[PDB]
$ cat final-v4.pdb   # PDB, N, CA and C atoms
ATOM      1  N   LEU L  53      61.497 -64.370  -8.474
ATOM      2  CA  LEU L  53      61.392 -64.788  -7.080
ATOM      3  C   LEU L  53      59.927 -64.958  -6.643
ATOM      4  N   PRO L  54      59.625 -65.851  -5.688
ATOM      5  CA  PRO L  54      58.320 -65.908  -5.047
ATOM      6  C   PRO L  54      58.105 -64.700  -4.124
ATOM      7  N   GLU L  55      56.872 -64.461  -3.687
ATOM      8  CA  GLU L  55      56.509 -63.313  -2.854
ATOM      9  C   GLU L  55      55.559 -63.709  -1.717
ATOM     10  N   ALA L  56      56.108 -63.878  -0.514
ATOM     11  CA  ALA L  56      55.355 -64.120   0.714
ATOM     12  C   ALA L  56      54.616 -62.867   1.206
ATOM     13  N   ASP L  57      53.646 -63.025   2.104
ATOM     14  CA  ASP L  57      52.868 -61.922   2.678
ATOM     15  C   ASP L  57      52.337 -62.250   4.082
ATOM     16  N   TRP L  58      51.952 -61.225   4.842
ATOM     17  CA  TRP L  58      51.114 -61.401   6.026
ATOM     18  C   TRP L  58      49.656 -61.887   5.938
ATOM     19  N   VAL L  59      49.410 -63.037   6.560
ATOM     20  CA  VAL L  59      48.191 -63.808   6.303
ATOM     21  C   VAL L  59      46.967 -63.325   7.086
ATOM     22  N   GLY L  60      47.068 -63.089   8.393
ATOM     23  CA  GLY L  60      45.889 -62.871   9.247
ATOM     24  C   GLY L  60      45.078 -64.150   9.510
ATOM     25  N   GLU L  61      44.053 -64.092  10.356
ATOM     26  CA  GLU L  61      43.191 -65.249  10.644
ATOM     27  C   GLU L  61      41.739 -64.974  10.274
ATOM     28  N   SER L  62      41.254 -65.691   9.265
ATOM     29  CA  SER L  62      39.841 -65.841   8.957
ATOM     30  C   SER L  62      39.360 -67.078   8.188
ATOM     31  N   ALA L  63      38.192 -67.583   8.564
ATOM     32  CA  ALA L  63      37.522 -68.671   7.863
ATOM     33  C   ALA L  63      36.729 -68.190   6.635
ATOM     34  N   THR L  64      36.564 -66.877   6.451
ATOM     35  CA  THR L  64      35.504 -66.322   5.598
ATOM     36  C   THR L  64      35.902 -65.065   4.820
ATOM     37  N   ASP L  65      36.819 -64.246   5.324
ATOM     38  CA  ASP L  65      37.257 -63.003   4.680
ATOM     39  C   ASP L  65      38.276 -63.229   3.548
ATOM     40  N   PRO L  66      38.527 -62.240   2.674
ATOM     41  CA  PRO L  66      39.569 -62.329   1.653
ATOM     42  C   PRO L  66      40.973 -62.440   2.245
ATOM     43  N   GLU L  67      41.232 -61.786   3.372
ATOM     44  CA  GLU L  67      42.289 -62.217   4.271
ATOM     45  C   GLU L  67      42.185 -63.515   5.091
ATOM     46  N   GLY L  68      43.302 -63.980   5.619
ATOM     47  CA  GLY L  68      43.424 -65.349   6.106
ATOM     48  C   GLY L  68      43.685 -66.361   4.993
ATOM     49  N   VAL L  69      43.384 -66.040   3.734
ATOM     50  CA  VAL L  69      43.855 -66.791   2.563
ATOM     51  C   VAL L  69      45.341 -66.535   2.344
ATOM     52  N   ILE L  70      46.142 -67.589   2.293
ATOM     53  CA  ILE L  70      47.531 -67.528   1.852
ATOM     54  C   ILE L  70      47.539 -67.402   0.327
ATOM     55  N   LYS L  71      48.072 -66.307  -0.221
ATOM     56  CA  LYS L  71      48.175 -66.122  -1.678
ATOM     57  C   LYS L  71      49.254 -67.020  -2.272
ATOM     58  N   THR L  72      48.998 -67.615  -3.435
ATOM     59  CA  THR L  72      49.998 -68.418  -4.157
ATOM     60  C   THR L  72      50.982 -67.535  -4.917
ATOM     61  N   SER L  73      52.148 -68.081  -5.246
ATOM     62  CA  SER L  73      53.230 -67.382  -5.936
ATOM     63  C   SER L  73      54.079 -68.369  -6.738
ATOM     64  N   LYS L  74      54.970 -67.871  -7.592
ATOM     65  CA  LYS L  74      55.755 -68.669  -8.533
ATOM     66  C   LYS L  74      57.233 -68.297  -8.500
ATOM     67  N   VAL L  75      58.090 -69.306  -8.415
ATOM     68  CA  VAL L  75      59.497 -69.221  -8.823
ATOM     69  C   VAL L  75      59.554 -69.474 -10.325
ATOM     70  N   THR L  76      60.404 -68.791 -11.085
ATOM     71  CA  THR L  76      60.601 -69.132 -12.505
ATOM     72  C   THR L  76      62.060 -69.095 -12.914
ATOM     73  N   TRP L  77      62.360 -69.782 -14.007
ATOM     74  CA  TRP L  77      63.662 -69.868 -14.645
ATOM     75  C   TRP L  77      63.574 -69.419 -16.097
ATOM     76  N   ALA L  78      64.716 -69.073 -16.664
ATOM     77  CA  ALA L  78      64.877 -68.680 -18.051
ATOM     78  C   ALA L  78      66.108 -69.358 -18.647
ATOM     79  N   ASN L  79      66.231 -69.304 -19.961
ATOM     80  CA  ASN L  79      67.315 -69.918 -20.714
ATOM     81  C   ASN L  79      68.283 -68.843 -21.230
ATOM     82  N   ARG L  80      69.582 -69.089 -21.093
ATOM     83  CA  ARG L  80      70.669 -68.350 -21.746
ATOM     84  C   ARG L  80      71.406 -69.317 -22.663
ATOM     85  N   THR L  81      71.956 -68.858 -23.776
ATOM     86  CA  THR L  81      72.641 -69.745 -24.729
ATOM     87  C   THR L  81      74.016 -69.240 -25.099
ATOM     88  N   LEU L  82      75.030 -70.093 -24.979
ATOM     89  CA  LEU L  82      76.232 -69.989 -25.799
ATOM     90  C   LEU L  82      75.890 -70.467 -27.209
ATOM     91  N   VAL L  83      76.051 -69.632 -28.235
ATOM     92  CA  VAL L  83      75.963 -70.056 -29.644
ATOM     93  C   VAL L  83      77.290 -69.786 -30.332
ATOM     94  N   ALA L  84      77.962 -70.819 -30.816
ATOM     95  CA  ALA L  84      79.236 -70.662 -31.496
ATOM     96  C   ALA L  84      79.065 -70.062 -32.888
ATOM     97  N   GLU L  85      79.878 -69.065 -33.186
ATOM     98  CA  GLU L  85      79.932 -68.346 -34.447
ATOM     99  C   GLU L  85      81.365 -68.297 -34.947
ATOM    100  N   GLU L  86      81.550 -68.243 -36.259
ATOM    101  CA  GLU L  86      82.867 -68.370 -36.866
ATOM    102  C   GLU L  86      83.415 -67.029 -37.328
ATOM    103  N   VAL L  87      84.649 -66.744 -36.942
ATOM    104  CA  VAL L  87      85.430 -65.591 -37.382
ATOM    105  C   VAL L  87      86.636 -66.085 -38.164
ATOM    106  N   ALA L  88      86.903 -65.492 -39.320
ATOM    107  CA  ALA L  88      87.936 -65.984 -40.220
ATOM    108  C   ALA L  88      88.526 -64.901 -41.125
ATOM    109  N   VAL L  89      89.666 -65.210 -41.736
ATOM    110  CA  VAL L  89      90.299 -64.408 -42.789
ATOM    111  C   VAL L  89      91.046 -65.309 -43.765
ATOM    112  N   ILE L  90      91.102 -64.940 -45.043
ATOM    113  CA  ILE L  90      92.027 -65.524 -46.022
ATOM    114  C   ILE L  90      93.038 -64.469 -46.461
ATOM    115  N   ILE L  91      94.323 -64.799 -46.492
ATOM    116  CA  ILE L  91      95.390 -63.859 -46.855
ATOM    117  C   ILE L  91      96.210 -64.444 -48.016
ATOM    118  N   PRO L  92      95.930 -64.066 -49.276
ATOM    119  CA  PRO L  92      96.613 -64.574 -50.458
ATOM    120  C   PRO L  92      97.898 -63.805 -50.787
ATOM    121  N   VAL L  93      98.892 -64.480 -51.357
ATOM    122  CA  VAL L  93     100.205 -63.916 -51.707
ATOM    123  C   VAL L  93     100.812 -64.631 -52.926
ATOM    124  N   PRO L  94     101.572 -63.962 -53.814
ATOM    125  CA  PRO L  94     102.298 -64.633 -54.884
ATOM    126  C   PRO L  94     103.385 -65.554 -54.356
ATOM    127  N   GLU L  95     103.524 -66.736 -54.933
ATOM    128  CA  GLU L  95     104.542 -67.686 -54.505
ATOM    129  C   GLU L  95     105.967 -67.179 -54.788
ATOM    130  N   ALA L  96     106.170 -66.409 -55.859
ATOM    131  CA  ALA L  96     107.445 -65.759 -56.152
ATOM    132  C   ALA L  96     107.862 -64.734 -55.087
ATOM    133  N   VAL L  97     106.907 -64.037 -54.468
ATOM    134  CA  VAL L  97     107.173 -63.109 -53.363
ATOM    135  C   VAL L  97     107.622 -63.857 -52.116
ATOM    136  N   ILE L  98     107.017 -64.999 -51.797
ATOM    137  CA  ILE L  98     107.507 -65.869 -50.721
ATOM    138  C   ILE L  98     108.924 -66.354 -51.025
ATOM    139  N   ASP L  99     109.198 -66.761 -52.261
ATOM    140  CA  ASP L  99     110.511 -67.250 -52.671
ATOM    141  C   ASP L  99     111.606 -66.184 -52.579
ATOM    142  N   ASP L 100     111.307 -64.937 -52.932
ATOM    143  CA  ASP L 100     112.275 -63.842 -52.950
ATOM    144  C   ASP L 100     112.480 -63.152 -51.600
ATOM    145  N   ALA L 101     111.479 -63.118 -50.720
ATOM    146  CA  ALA L 101     111.568 -62.401 -49.450
ATOM    147  C   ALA L 101     112.661 -62.955 -48.527
ATOM    148  N   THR L 102     113.233 -62.094 -47.685
ATOM    149  CA  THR L 102     114.347 -62.438 -46.784
ATOM    150  C   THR L 102     113.903 -63.001 -45.433
ATOM    151  N   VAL L 103     112.597 -63.103 -45.189
ATOM    152  CA  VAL L 103     111.978 -63.604 -43.954
ATOM    153  C   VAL L 103     110.852 -64.579 -44.282
ATOM    154  N   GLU L 104     110.448 -65.391 -43.311
ATOM    155  CA  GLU L 104     109.297 -66.288 -43.422
ATOM    156  C   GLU L 104     107.981 -65.496 -43.402
TER     157      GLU L 104
ATOM    158  N   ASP Q 261      30.213 -69.622  -2.348
ATOM    159  CA  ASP Q 261      30.606 -68.578  -1.388
ATOM    160  C   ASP Q 261      30.880 -69.107   0.029
ATOM    161  N   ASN Q 262      30.337 -70.271   0.384
ATOM    162  CA  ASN Q 262      30.521 -70.901   1.691
ATOM    163  C   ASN Q 262      31.745 -71.831   1.758
ATOM    164  N   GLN Q 263      32.573 -71.889   0.716
ATOM    165  CA  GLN Q 263      33.721 -72.786   0.654
ATOM    166  C   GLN Q 263      34.834 -72.387   1.635
ATOM    167  N   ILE Q 264      35.289 -73.318   2.472
ATOM    168  CA  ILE Q 264      36.498 -73.190   3.292
ATOM    169  C   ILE Q 264      37.540 -74.156   2.739
ATOM    170  N   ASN Q 265      38.676 -73.656   2.269
ATOM    171  CA  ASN Q 265      39.821 -74.480   1.898
ATOM    172  C   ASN Q 265      40.794 -74.530   3.068
ATOM    173  N   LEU Q 266      40.954 -75.679   3.723
ATOM    174  CA  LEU Q 266      41.659 -75.717   5.001
ATOM    175  C   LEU Q 266      43.138 -75.350   4.871
ATOM    176  N   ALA Q 267      43.875 -75.957   3.941
ATOM    177  CA  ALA Q 267      45.300 -75.674   3.770
ATOM    178  C   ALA Q 267      45.560 -74.232   3.321
ATOM    179  N   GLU Q 268      44.765 -73.729   2.381
ATOM    180  CA  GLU Q 268      44.821 -72.356   1.871
ATOM    181  C   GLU Q 268      44.576 -71.299   2.959
ATOM    182  N   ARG Q 269      43.866 -71.637   4.039
ATOM    183  CA  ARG Q 269      43.576 -70.746   5.173
ATOM    184  C   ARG Q 269      44.360 -71.075   6.445
ATOM    185  N   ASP Q 270      45.319 -71.992   6.386
ATOM    186  CA  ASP Q 270      46.062 -72.499   7.549
ATOM    187  C   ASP Q 270      45.159 -73.035   8.680
ATOM    188  N   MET Q 271      44.024 -73.616   8.309
ATOM    189  CA  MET Q 271      43.056 -74.216   9.217
ATOM    190  C   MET Q 271      43.185 -75.733   9.256
ATOM    191  N   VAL Q 272      42.565 -76.324  10.264
ATOM    192  CA  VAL Q 272      42.348 -77.757  10.419
ATOM    193  C   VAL Q 272      40.910 -77.979  10.855
ATOM    194  N   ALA Q 273      40.401 -79.194  10.768
ATOM    195  CA  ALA Q 273      39.079 -79.511  11.277
ATOM    196  C   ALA Q 273      39.062 -80.886  11.919
ATOM    197  N   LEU Q 274      38.265 -81.075  12.964
ATOM    198  CA  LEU Q 274      37.935 -82.410  13.444
ATOM    199  C   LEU Q 274      36.651 -82.856  12.765
ATOM    200  N   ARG Q 275      36.695 -83.953  12.013
ATOM    201  CA  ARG Q 275      35.504 -84.690  11.587
ATOM    202  C   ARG Q 275      35.203 -85.731  12.645
ATOM    203  N   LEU Q 276      34.052 -85.637  13.288
ATOM    204  CA  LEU Q 276      33.565 -86.633  14.233
ATOM    205  C   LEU Q 276      32.422 -87.401  13.597
ATOM    206  N   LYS Q 277      32.485 -88.730  13.569
ATOM    207  CA  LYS Q 277      31.415 -89.576  13.018
ATOM    208  C   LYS Q 277      31.149 -90.810  13.866
ATOM    209  N   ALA Q 278      29.907 -91.268  13.867
ATOM    210  CA  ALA Q 278      29.464 -92.527  14.454
ATOM    211  C   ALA Q 278      28.421 -93.189  13.548
ATOM    212  N   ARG Q 279      28.236 -94.504  13.665
ATOM    213  CA  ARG Q 279      27.215 -95.267  12.936
ATOM    214  C   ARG Q 279      26.343 -96.018  13.932
ATOM    215  N   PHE Q 280      25.054 -95.709  13.973
ATOM    216  CA  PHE Q 280      24.105 -96.235  14.955
ATOM    217  C   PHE Q 280      22.869 -96.830  14.301
ATOM    218  N   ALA Q 281      22.272 -97.818  14.947
ATOM    219  CA  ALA Q 281      21.017 -98.438  14.551
ATOM    220  C   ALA Q 281      20.092 -98.581  15.753
ATOM    221  N   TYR Q 282      18.803 -98.762  15.520
ATOM    222  CA  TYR Q 282      17.822 -98.983  16.575
ATOM    223  C   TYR Q 282      16.807-100.035  16.148
ATOM    224  N   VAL Q 283      16.448-100.935  17.057
ATOM    225  CA  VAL Q 283      15.396-101.929  16.842
ATOM    226  C   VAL Q 283      14.512-102.050  18.071
ATOM    227  N   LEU Q 284      13.208-102.125  17.845
ATOM    228  CA  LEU Q 284      12.213-102.338  18.880
ATOM    229  C   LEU Q 284      11.660-103.755  18.766
ATOM    230  N   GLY Q 285      11.770-104.547  19.821
ATOM    231  CA  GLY Q 285      11.354-105.945  19.853
ATOM    232  C   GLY Q 285       9.850-106.141  19.985
ATOM    233  N   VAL Q 286       9.034-105.481  19.161
ATOM    234  CA  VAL Q 286       7.602-105.802  19.029
ATOM    235  C   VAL Q 286       7.492-107.241  18.538
ATOM    236  N   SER Q 287       6.885-108.120  19.327
ATOM    237  CA  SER Q 287       6.952-109.574  19.144
ATOM    238  C   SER Q 287       5.886-110.280  19.980
ATOM    239  N   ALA Q 288       5.791-111.604  19.884
ATOM    240  CA  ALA Q 288       4.798-112.375  20.616
ATOM    241  C   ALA Q 288       5.172-112.584  22.086
ATOM    242  N   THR Q 289       4.155-112.622  22.940
ATOM    243  CA  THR Q 289       4.237-112.949  24.370
ATOM    244  C   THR Q 289       3.234-114.049  24.699
ATOM    245  N   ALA Q 290       3.191-114.493  25.953
ATOM    246  CA  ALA Q 290       2.101-115.324  26.458
ATOM    247  C   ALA Q 290       0.695-114.707  26.285
ATOM    248  N   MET Q 291       0.583-113.415  25.957
ATOM    249  CA  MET Q 291      -0.682-112.687  25.843
ATOM    250  C   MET Q 291      -1.150-112.460  24.398
ATOM    251  N   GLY Q 292      -0.293-112.602  23.384
ATOM    252  CA  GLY Q 292      -0.668-112.399  21.978
ATOM    253  C   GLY Q 292       0.493-112.054  21.047
ATOM    254  N   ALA Q 293       0.181-111.768  19.784
ATOM    255  CA  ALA Q 293       1.123-111.883  18.669
ATOM    256  C   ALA Q 293       2.093-110.708  18.444
ATOM    257  N   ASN Q 294       1.646-109.465  18.608
ATOM    258  CA  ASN Q 294       2.431-108.269  18.279
ATOM    259  C   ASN Q 294       2.305-107.252  19.403
ATOM    260  N   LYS Q 295       2.962-107.542  20.521
ATOM    261  CA  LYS Q 295       2.792-106.798  21.763
ATOM    262  C   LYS Q 295       3.919-105.789  21.907
ATOM    263  N   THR Q 296       3.578-104.527  22.136
ATOM    264  CA  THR Q 296       4.560-103.435  22.187
ATOM    265  C   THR Q 296       5.157-103.308  23.593
ATOM    266  N   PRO Q 297       6.485-103.217  23.752
ATOM    267  CA  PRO Q 297       7.161-103.262  25.050
ATOM    268  C   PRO Q 297       7.358-101.896  25.723
ATOM    269  N   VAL Q 298       6.757-100.835  25.195
ATOM    270  CA  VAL Q 298       6.916 -99.452  25.644
ATOM    271  C   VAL Q 298       5.579 -98.729  25.655
ATOM    272  N   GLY Q 299       5.340 -97.953  26.702
ATOM    273  CA  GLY Q 299       4.216 -97.040  26.822
ATOM    274  C   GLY Q 299       4.691 -95.628  27.146
ATOM    275  N   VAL Q 300       3.809 -94.642  27.042
ATOM    276  CA  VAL Q 300       4.162 -93.230  27.215
ATOM    277  C   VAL Q 300       3.147 -92.497  28.073
ATOM    278  N   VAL Q 301       3.616 -91.624  28.950
ATOM    279  CA  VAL Q 301       2.770 -90.645  29.631
ATOM    280  C   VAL Q 301       2.858 -89.355  28.836
ATOM    281  N   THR Q 302       1.763 -88.867  28.268
ATOM    282  CA  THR Q 302       1.744 -87.646  27.448
ATOM    283  C   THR Q 302       1.317 -86.430  28.274
ATOM    284  N   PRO Q 303       1.783 -85.209  27.957
ATOM    285  CA  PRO Q 303       1.558 -84.040  28.802
ATOM    286  C   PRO Q 303       0.094 -83.605  28.878
ATOM    287  N   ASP Q 304      -0.267 -82.955  29.981
ATOM    288  CA  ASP Q 304      -1.612 -82.437  30.208
ATOM    289  C   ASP Q 304      -1.903 -81.239  29.292
ATOM    290  N   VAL Q 305      -2.993 -81.305  28.528
ATOM    291  CA  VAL Q 305      -3.472 -80.217  27.658
ATOM    292  C   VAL Q 305      -4.866 -79.710  28.051
ATOM    293  N   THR Q 306      -5.374 -80.087  29.227
ATOM    294  CA  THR Q 306      -6.610 -79.528  29.799
ATOM    295  C   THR Q 306      -6.452 -78.037  30.134
ATOM    296  N   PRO Q 307      -7.531 -77.199  30.123
ATOM    297  CA  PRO Q 307      -7.468 -75.780  30.535
ATOM    298  C   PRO Q 307      -8.179 -75.495  31.873
ATOM    299  N   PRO Q 308      -7.842 -76.172  32.996
ATOM    300  CA  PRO Q 308      -8.562 -75.984  34.256
ATOM    301  C   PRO Q 308      -7.866 -74.947  35.150
TER     302      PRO Q 308
END
$ encode --input "final-v4.pdb" --output "structure tokens"
Amino acid sequence: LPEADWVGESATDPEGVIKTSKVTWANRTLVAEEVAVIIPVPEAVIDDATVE
Amino acid sequence: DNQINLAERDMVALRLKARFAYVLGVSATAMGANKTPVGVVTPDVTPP
């Protein structure tokens, strides 16, 4: 965030100067990553079983 | 050290300017060639 302040009045003092300030932004990222599994089985066990 | 930044101090200024010239018509008359059109009374410096 920027930051305002009380200025005062002077042509010559360190006060009466309006101080400068900065708004800033940053980056966030969605990065896609892969989750997986392999599940191997004998084909004869698929053939013999009573369920899918 | 004498620098004033107007916007940085919330100030303004009036700049006032003029452009002027002057010429004296030292020139010829019926009396001669380079006659001056002005004379002066100078102040008294006597000690009386």
$ atom_distance --input "final-v4.pdb" --atom1 "atom CA of residue 269 of chain Q" --atom2 "atom CA of residue 54 of chain L"
18.6 Å
$ interface_residues --input "final-v4.pdb" --of "chain Q" --to "chain L" --cutoff "12 Å" --atoms "only C-alpha atoms" --output "CSV table (one decimal) with N, CA and C atoms, in the coordinates of the input"
chain,number,residue,atom,x,y,z
Q,261,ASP,N,30.2,-69.6,-2.3
Q,261,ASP,CA,30.6,-68.6,-1.4
Q,261,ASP,C,30.9,-69.1,0.0
Q,262,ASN,N,30.3,-70.3,0.4
Q,262,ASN,CA,30.5,-70.9,1.7
Q,262,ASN,C,31.7,-71.8,1.8
Q,263,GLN,N,32.6,-71.9,0.7
Q,263,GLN,CA,33.7,-72.8,0.7
Q,263,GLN,C,34.8,-72.4,1.6
Q,264,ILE,N,35.3,-73.3,2.5
Q,264,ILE,CA,36.5,-73.2,3.3
Q,264,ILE,C,37.5,-74.2,2.7
Q,265,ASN,N,38.7,-73.7,2.3
Q,265,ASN,CA,39.8,-74.5,1.9
Q,265,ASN,C,40.8,-74.5,3.1
Q,266,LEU,N,41.0,-75.7,3.7
Q,266,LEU,CA,41.7,-75.7,5.0
Q,266,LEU,C,43.1,-75.4,4.9
Q,267,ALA,N,43.9,-76.0,3.9
Q,267,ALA,CA,45.3,-75.7,3.8
Q,267,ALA,C,45.6,-74.2,3.3
Q,268,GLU,N,44.8,-73.7,2.4
Q,268,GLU,CA,44.8,-72.4,1.9
Q,268,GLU,C,44.6,-71.3,3.0
Q,269,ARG,N,43.9,-71.6,4.0
Q,269,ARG,CA,43.6,-70.7,5.2
Q,269,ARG,C,44.4,-71.1,6.4
Q,270,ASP,N,45.3,-72.0,6.4
Q,270,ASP,CA,46.1,-72.5,7.5
Q,270,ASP,C,45.2,-73.0,8.7
Q,271,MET,N,44.0,-73.6,8.3
Q,271,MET,CA,43.1,-74.2,9.2
Q,271,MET,C,43.2,-75.7,9.3
Q,272,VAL,N,42.6,-76.3,10.3
Q,272,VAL,CA,42.3,-77.8,10.4
Q,272,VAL,C,40.9,-78.0,10.9
Q,273,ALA,N,40.4,-79.2,10.8
Q,273,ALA,CA,39.1,-79.5,11.3
Q,273,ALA,C,39.1,-80.9,11.9
$ select_by_dssp --input "final-v4.pdb" --residues "chain L" --states "alpha helix (DSSP H)" --output "list in words"
residues 95, 96, 97, 98, 99 and 100 of chain L
$ select_by_dssp --input "final-v4.pdb" --residues "segment 262-302 of chain Q" --states "strand (DSSP E)" --output "number ranges by chain"
Q: 287-289, 292-295
$ atom_distance --input "final-v4.pdb" --atom1 "atom CA of residue 56 of chain L" --atom2 "atom CA of residue 75 of chain L"
11.6 Å
$ atom_distance --input "final-v4.pdb" --atom1 "atom CA of residue 295 of chain Q" --atom2 "atom N of residue 283 of chain Q"
15.6 Å
$ closest_residue --input "final-v4.pdb" --among "L:101, L:87, L:96, L:53" --to "residue 74 of chain L" --atoms "all atoms listed in the file"
L:53
